[PDB]
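A look at the structure
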Amino acid sequence: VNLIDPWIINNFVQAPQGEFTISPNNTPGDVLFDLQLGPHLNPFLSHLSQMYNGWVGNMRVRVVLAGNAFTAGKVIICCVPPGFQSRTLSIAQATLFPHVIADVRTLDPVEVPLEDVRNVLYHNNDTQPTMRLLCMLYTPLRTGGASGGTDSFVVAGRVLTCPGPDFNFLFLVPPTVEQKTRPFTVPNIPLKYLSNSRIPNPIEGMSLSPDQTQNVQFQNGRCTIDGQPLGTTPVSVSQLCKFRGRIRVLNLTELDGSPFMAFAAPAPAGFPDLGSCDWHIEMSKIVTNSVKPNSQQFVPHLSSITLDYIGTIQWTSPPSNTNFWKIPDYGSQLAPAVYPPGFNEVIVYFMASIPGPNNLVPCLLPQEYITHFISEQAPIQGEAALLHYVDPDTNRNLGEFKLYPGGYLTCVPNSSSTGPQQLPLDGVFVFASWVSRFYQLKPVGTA
Amino acid sequence: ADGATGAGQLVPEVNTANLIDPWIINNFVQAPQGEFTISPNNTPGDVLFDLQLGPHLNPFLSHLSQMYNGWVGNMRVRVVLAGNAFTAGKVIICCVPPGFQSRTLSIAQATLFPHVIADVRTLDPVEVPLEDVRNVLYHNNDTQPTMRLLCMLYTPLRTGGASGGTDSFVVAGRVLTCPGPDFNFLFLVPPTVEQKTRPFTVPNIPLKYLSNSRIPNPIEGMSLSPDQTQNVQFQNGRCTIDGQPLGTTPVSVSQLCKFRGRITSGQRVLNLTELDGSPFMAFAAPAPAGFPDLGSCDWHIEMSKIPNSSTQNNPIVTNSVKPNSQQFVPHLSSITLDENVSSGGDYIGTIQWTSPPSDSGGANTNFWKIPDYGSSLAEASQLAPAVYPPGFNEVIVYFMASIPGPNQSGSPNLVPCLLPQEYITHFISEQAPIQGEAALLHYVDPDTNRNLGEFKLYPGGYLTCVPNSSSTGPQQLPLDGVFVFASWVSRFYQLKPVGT
Amino acid sequence: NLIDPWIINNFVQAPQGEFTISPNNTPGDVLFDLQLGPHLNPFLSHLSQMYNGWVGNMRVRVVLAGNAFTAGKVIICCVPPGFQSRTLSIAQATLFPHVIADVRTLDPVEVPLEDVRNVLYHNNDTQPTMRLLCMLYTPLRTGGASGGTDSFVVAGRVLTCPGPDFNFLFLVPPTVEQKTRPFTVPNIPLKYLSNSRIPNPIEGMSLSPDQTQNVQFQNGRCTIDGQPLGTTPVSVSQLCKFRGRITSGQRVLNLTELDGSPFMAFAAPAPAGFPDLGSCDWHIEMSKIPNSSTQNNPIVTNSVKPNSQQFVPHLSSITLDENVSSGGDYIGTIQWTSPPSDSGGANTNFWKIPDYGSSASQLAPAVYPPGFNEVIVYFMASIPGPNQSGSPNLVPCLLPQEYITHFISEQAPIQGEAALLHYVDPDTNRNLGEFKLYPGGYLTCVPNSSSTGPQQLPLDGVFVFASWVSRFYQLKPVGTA
């Protein structure tokens, strides 16, 4: 039976990670692209797989390298069996797998079959490891250009996949009712009127760390991509940076009024995360009071707040200039500090201004994004999600970002100064696909 | 020939003229010695790759050889060399018999043996049979001579018609080998016991954790010599790849820079012994194992009584040693300290700090030189041979660690060493043989897995690299990297320049 | 693919083929537990290193060495995977496919290990397969022997051979996978090996003054699979060293990592390689890590008192006794140790670790001496310094640092309850003594008498891995008298 449309079988469609470029600076052993067998490889097949329960069969993979006769270089495409765990394999080890050594100057695309080597009778819709297709640069690209060394000549490869004749979907299920195959996406909201995580104020601008990278631990805004908030991260802006309790030691019952258990969260939901700064809260029943985070009695686990009913920060003051990058002391299931991984890949922050002494507090994720993630409980694939900072006007990708399941965004600046800050504030964030540490983003910024 | 459709007839498409898993027999795989490069710097007669027939020529055969005791049969070898259409050069591949021995061959002599001449632009890999000729019925893993596949550059690679650089047209070649239809293994043996079949391996530990091999200090970075063409005669970081320490190299960091000896009360003469306390033998080595070799500096030792008889006072006794003084004769098991020591007994101590050498014209602390040991020409044991830097624009890479002590320039006091002590310990413990004139190491970042730079590890026990420019080269590399053994390569292998 | 016919037709000793039946073994005790896989056979283990998947049955033969005095029966059963029960009585064993063998059988007993599996084939990962369990069916009684009832373990060997059904599914780069890597200990004699708590050579093996004394060292704590614990450094260079910034004229040292990096309090109790020589006074020597000095002697002598409440390495700050004239990054070691101050004249007990100022605790778990008359074996190295008894200032250790470095480099998976190590003289190839290596990372033995033990063993020997053994493996006592 032909469940799949005949067109999908015959023609080839681009893989989600199907743009690898070979440059003279690339060394033999550099990973070009990595593929994992599944219906997610084909956008047409993924939509069908949402309807069905199980998939089985092989898919044909074709690699299209663009080059002319005056170039040399070879790429090796090896089929890694499922369940084979190793950090990275060299070019020598790649030849040990069943492989195809494709020359760069090949006119016709090289077709590599992706056989469904499996242990079970058929694959369930989950993240079980399947047959892995991995391509590596075998010999360096020695172009014949007149320029010495690099000639700005790059061989661009596009990975195209199509289902094989034996591909088949197993069991029909009511579509989009099973959370296992539910797709995820970045909320489509213009950033001009987005909300800072730490403060219920509109974003003033985006910036990286003041210098290089630092470990920053912000429990506010902590939300997994799957949709699990961490720390005292309110589910709404109305509860953002808003706390309540009873009056001369203040209690910190939850904003909803329910009793707060310190076992579940380090602090009650809505508790502010402002660090090296004193808070002039509004302990309204209209009562103005100041809170000292350096006081010993201040303990998130055991509610005790000094004074000198609903509470919110009226304005900030220097602690008793101001550094918001550090988290206040906690009396601990605290949220985890984020380390920019690998070379560059700084973590972007959403600056927001609060009136007071002369102020721009940072952020990690918009509250609306947290709500969108909570609403859609879809699984996370790969290692990281790649995002475009697309402008709704021109529909062009001014900048690109990598989103991690830890609940923060990363990007590579062009230089120390030039980076994500140069990007306009009117852009819209979207979701492309799931990438890994292998995918190193191109530098962001105009320099 | 892959690429013939897109080559446009610009290159020669094709050269003119049981117990083994069936997949290994039918499919060609890269040899462990299967990486060679052809560069315009190469002169005719340069050995691109030297192959000795045996199971070590195939990684699958190499792994099985650790299980078996013998082998027979021929081997099929494919030379993958498809250079740019602009290049112009020819290579020659010969098959010298095992009985023949010259260890060097002119290009004219190579044509005498059964040979094949291949263009460097040959799209289809050149398949040459490595026939097995032998008097004995089967070969053991006993380093007996076997038929050799010699590949030397016949005509120089004069890239033209494009006006590019050298590295921009260095032709990279790969050697793919698969066992013949009748390659067999004879006798089963306990796995990975025999020395001959062991594979070469470097520890998978980041360089930051690794230790220096001349002072017991963490490695703070790689660097080159003040003069890149400088011979070095260290006696502590010396250890062959196959794992016999040379000079006074200790196995472990504990006995690296320490010395032990017995001194009479009220005297400055120190009668050296081994670290464990056993008597030292002059004919064994120039100095007791782990003796410091920081030459051209004034040592400042902190000795102590090893058995710890004392119960009250601070046991650290600080004295100084002048290696430039004539009485400094460790080969005779006697060194004289600068100050007399009141208490006599077995003393063990290290080097605390170093100052610019005294009575030497006010010279700086030249850590690249070694102290003049005692008279060792007469005795069998003498200094380890100096490691001269190879040609082909290659510079020895040194690992630098800090030792306390002032220097005339106010610069950090870095003691260079050829290899990290962890590598030396690994080589000593696992005595893998040597299958090529050099080992092609890759300095790769463990997490991002980007090839920071490629290094050649010579059997003498030192790392070489090609600096990119007059810049410091490998020093710019991050310390959180791991060396991974890529392949066995010939001496004439041209490394990709490292650094920016 | 076909296995070599000799392997199919000959039994070889398994890497887990050592078990002992001892008078002090109640019925139902598990002598040896084997999970079916290619790792059961040394030849098949190499073949697995070259392959990704395996399928098929294996044949197991058990040889029991017992004189006619030992009367007992052992039942070897074949429990299928997915069996929920953990407590298997001797009565319940007979329900499974089992072979009941007398301890004096005089001929090998063969039990078929079938491959019962729901999947088409077996990957190289760790999954529940058929498990062969050997349990003592009837109490082992050595009646008639006054000396037999105490020192007559019936040694047993497990020999395994693949059946004709065994096959290896897919070709893979050899030795690159992790679970197939065999476990090896460095072939370097103990003379040259270094201590893992101080960077000094090992002087000899010794026991604790109290045979039941628990130890919680932070340095030299690495599991067999190469996972360091506590503040254990990879190499000897970073042992008993510390680096930090101290302001000029002060006495507080703000600890950083050995490579001039910020120290994460949550990750480790102290910076990597920080000394754990507790219950003693440290007399440190320090020097500025960048040599900005051209004239004077850079070493500065100071002292640290770990018992002081200000000594809090976990909060990345320890206060030296004396003021430091000039500020900067100082690297330094422990020059010598003295009996601890403010402790009522207590001796320099090196078997205790400093407080570390921990406030949950991420310290390395405390290692306890196992039962069955087993005592932990420690390696001693000398650090300079006085003691209240005039004895050598030997610091204990759990594993030589070369072993730790090898384990970290070679992340060999743990395939048994414990690893039996033979102490072999390299020249004569004689097993002077046999030791058990536990997955926690400590080496234990059994002393022949209270007056003897591993201390009499020569220092030139080298530990050679023998087999994986259960916790109940009764070692042959080491020493004399």
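What counts as what
Residues numbered from 1 in each chain as written, not as in the entry; some residues may be left out. Chains lettered and ligands numbered in written order. Part of a larger assembly, values for the part shown. Heavy atoms only, no water. Helix = DSSP H or I, 4+ residues; strand = E, 2+ residues; numbered from the N terminus. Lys, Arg positive; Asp, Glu negative; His and termini not counted. Charge placed at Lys NZ, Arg CZ, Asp CG, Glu CD. Contact = heavy atoms within 4.5 Å. Buried area = accessible area lost by both parts, 1.4 Å probe. Salt bridge = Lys/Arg side-chain N within 4 Å of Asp/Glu carboxyl O. Polar contact = N/O pair within 3.5 Å; in protein donor to acceptor, adjacent residues only side chain to side chain. Pairing = 2+ DSSP bridges. Axes fitted to C-alpha atoms, helices over the stretch in contact; angles between N-to-C directions. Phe/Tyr/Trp six-rings, centres within 6.5 Å; stacked < 30°, edge-to-face > 60°. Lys NZ or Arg CZ within 6 Å of the ring centre and 35° of its normal. Core = buried A, V, L, I, M, F, W, Y, C linked by side-chain atoms within 4.5 Å. Buried < 20%, exposed > 50% of the residue type's maximum accessible area, 1.4 Å probe, protein only. Patch = residues over 30% accessible without salt bridge, like charges linked within 9 Å, V, L, I, M, F, W, Y side chains within 5 Å. Areas by Shrake-Rupley, 256 points an atom, 1.4 Å probe, with all protein chains shown as cover. 1 Å grid on protein atoms, 1.4 Å probe; cavity = no way out; pocket = protein on both sides within 12 Å on 5 of 7 lines; lining within 4 Å. Points joined across faces, edges and corners; volume = space filled by probe spheres on them. Nonpolar A, V, L, I, M, F, W, Y, C, P; charged D, E, K, R; others polar.

Method information in the entry identifies cryo-EM as the source of the structure, with 3.04 Å recorded as the resolution.

1. A short note on the overall build of chain A
Scanning chain A for helices and strands turns up four helices and 22 strands. Overall, the C-alpha framework of chain A stretches about 80 × 60 × 40 Å when taken along its three principal axes. Between the centroid of the 25 positive side chains of chain A and the centroid of its 31 negative side chains there is a distance of 3 Å.

2. A short note on the interface of chain C and chain B
Contact with chain C, which involves 60 residues of that partner, is made by 58 residues of chain B. Overall, the association of chain C and chain B removes approximately 4800 Å² of surface from exposure, summing both partners, and the carbon and sulfur fraction of that is 64%. Run the count over chain C and chain B and you get zero salt bridges. Applying the counting criterion to the chain C and chain B interface returns 13 residue pairs in polar contact. When residues of the side of chain C that touches chain B are traced back to their parent elements, those giving at least two are α1 (5–9), α2 (42–49), β15 (281–288), β18 (328–338) and α5 (401–409) of chain C. Of all the elements, α2(C) adds the most residues to the side of chain C that touches chain B, at five residues.

3. Examining the sheet that holds strand β4 (residues 75–80) of chain B
Two strands in a sheet stick together by hydrogen bonds in their backbones, pointing the same way (parallel) or opposite ways (antiparallel). Residue and element names in this part refer to chain B. The four strands lie next to each other as β1-β10-β4-β7, forming an open sheet whose pairing is antiparallel. Edge positions in the sheet fall to β1 (29–38) and β7 (126–130), since each has one partner strand and no second. Neighbour to neighbour, the strand axes of the sheet diverge by 25° on average, direction disregarded.

4. Focus: the interface of chain C and chain A
Each partner contributes residues to the interface: chain C has 14 residues there, and chain A has 16 residues. Note on chain C versus chain A: buried area summed over both sides is about 1200 Å², and carbon and sulfur give 64% of it. Where chain C meets chain A, there are zero salt bridges. The tally of links between chain C and chain A comes to two residue pairs in polar contact.

5. Overview of the pattern of salt bridges
Residues and elements named next belong to chain C. A complete count under the given rule lists 31 salt bridges over all chains for this structure. Where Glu18 meets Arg157, a salt bridge forms, and the shortest distance between an N and an O atom there is 2.9 Å. Here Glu18, found in strand β1 (residues 12–21), pairs with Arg157, found in strand β10 (residues 154–162); they are 139 residues apart in sequence, far enough to count as distant. Between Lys436 and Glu374 there is a salt bridge, and its shortest N-O distance comes to 3.3 Å. Here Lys436 is found in strand β22 (residues 430–437), whereas its partner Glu374 is found in the loop between β18 and β19 (375–382), with 62 residues between them in sequence.

6. Some points on the packing of aromatic side chains
Applying the stated criterion across every chain yields a total of 69 aromatic pairs over all chains. Ring centres of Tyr121(C) and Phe170(C) lie 5.4 Å apart, and the angle between their planes is 75°; on these two criteria the pair is classed as edge-to-face. Of this pair, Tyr121(C) sits in the loop between β7 (109–113) and β8 (122–123) while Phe170(C) sits in the loop between β11 (167–168) and β12 (204–206), and the two are 49 residues apart along the sequence. By way of ring pairs, the aromatic residues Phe200(B), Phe399(B), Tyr423(B), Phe427(B), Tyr443(B), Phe455(B), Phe483(B), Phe485(B) and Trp488(B) are connected into one cluster. Just above the ring of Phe12(A) sits the side chain of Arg62(A); from NZ or CZ to the centre is 4.2 Å. We note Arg174(B) situated over the ring of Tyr138(A); from NZ or CZ to the ring centre the distance is 5.6 Å.

7. A word on the nonpolar core
One finds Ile38(B), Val91(B) and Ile21(C) to be the most contacted residues of the largest nonpolar core, which totals 80 residues. Beyond its immediate stretch of four places on either side in the chain, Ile21(C) contacts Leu31(C), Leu64(C), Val74(C), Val103(C), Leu136(C), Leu140(C), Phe152(C), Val153(C) and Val154(C).

8. Brief notes about the sheet that holds strand β19 (residues 384–390) of chain A
Residue and element names in this part refer to chain A. With respect to topology, five strands assemble into an open sheet ordered β17-β21-β20-β19-β22, the strand pairing being antiparallel. Of all the strands in the sheet, just β17 (346–347) and β22 (428–435) have a single pairing partner and so form its edges. In terms of strand pairing, strand β20 (residues 397–404) meets strand β21 (residues 408–411) through three bridges, oriented antiparallel. By the bridge assignment for β21, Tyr404 is matched with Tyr408.

9. A word on a nonpolar patch on the surface
Taken together, the side chains of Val136(B), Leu137(B), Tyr138(B), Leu186(B) and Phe187(B) present a nonpolar region at the surface, about 540 Å² in accessible area. Locating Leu137(B) in the fold gives a position in the loop between β7 and β8 (139–140).

10. A few points about the environment of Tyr51(C)
Residue placement: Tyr51(C) occurs in the loop between α2 and β3 (53–55). Owing to a relative accessible area of 3%, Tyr51(C) belongs among the buried residues under this scheme. Through-space distance from the C-alpha of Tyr51(C) to that of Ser89(C) is 38 Å; in sequence the pair is 38 residues apart. The residues contacting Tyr51(C), other than those within four sequence positions of it, are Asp21(B), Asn1(C), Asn124(C), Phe168(C), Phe170(C), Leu171(C), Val172(C) and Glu177(C).

11. Let's talk about empty space enclosed by the protein
Quantified by volume, the largest cavity comes out at close to 700 Å³. The wall of the largest cavity is formed by 38 residues, among which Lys258(B), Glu302(B), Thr350(B), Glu285(C) and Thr333(C) lie closest to the centre. Elements that contribute at least two residues to the lining of the largest cavity include exactly β15 (298–305) and β18 (345–355) of chain B together with β15 and β18 of chain C. Considered as a void within the structure, the second largest cavity measures approximately 180 Å³ in volume. What lines the second largest cavity is a set of 15 residues, among which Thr425(B), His426(B), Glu402(C), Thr405(C) and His406(C) lie closest to the centre. Of all the secondary structure elements, the ones that give two or more residues to the lining of the second largest cavity are α5 (421–429) of chain B together with α5 of chain C. For the lining of the second largest cavity, the element with the highest residue contribution is α5(B), accounting for five residues. Considered class by class, the residues forming the lining of the second largest cavity number five nonpolar, seven polar and three charged.

12. Structural notes on α2(C)
Counting buried positions along α2(C) gives seven out of eight residues, so the element sits mostly inside the fold. All of the buried residues along α2(C) are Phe43(C), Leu44(C), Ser45(C), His46(C), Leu47(C), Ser48(C) and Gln49(C). Check the buried side of α2(C) and you find it contacts α3 (59–65) of chain B together with α1, β1, β4 (58–65), β10 and β11 of chain C. Two to three positions downstream of the cap, the backbone nitrogen of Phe43(C) sits 2.9 Å from a side-chain oxygen, assigning the N-cap of α2(C) to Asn41(C).

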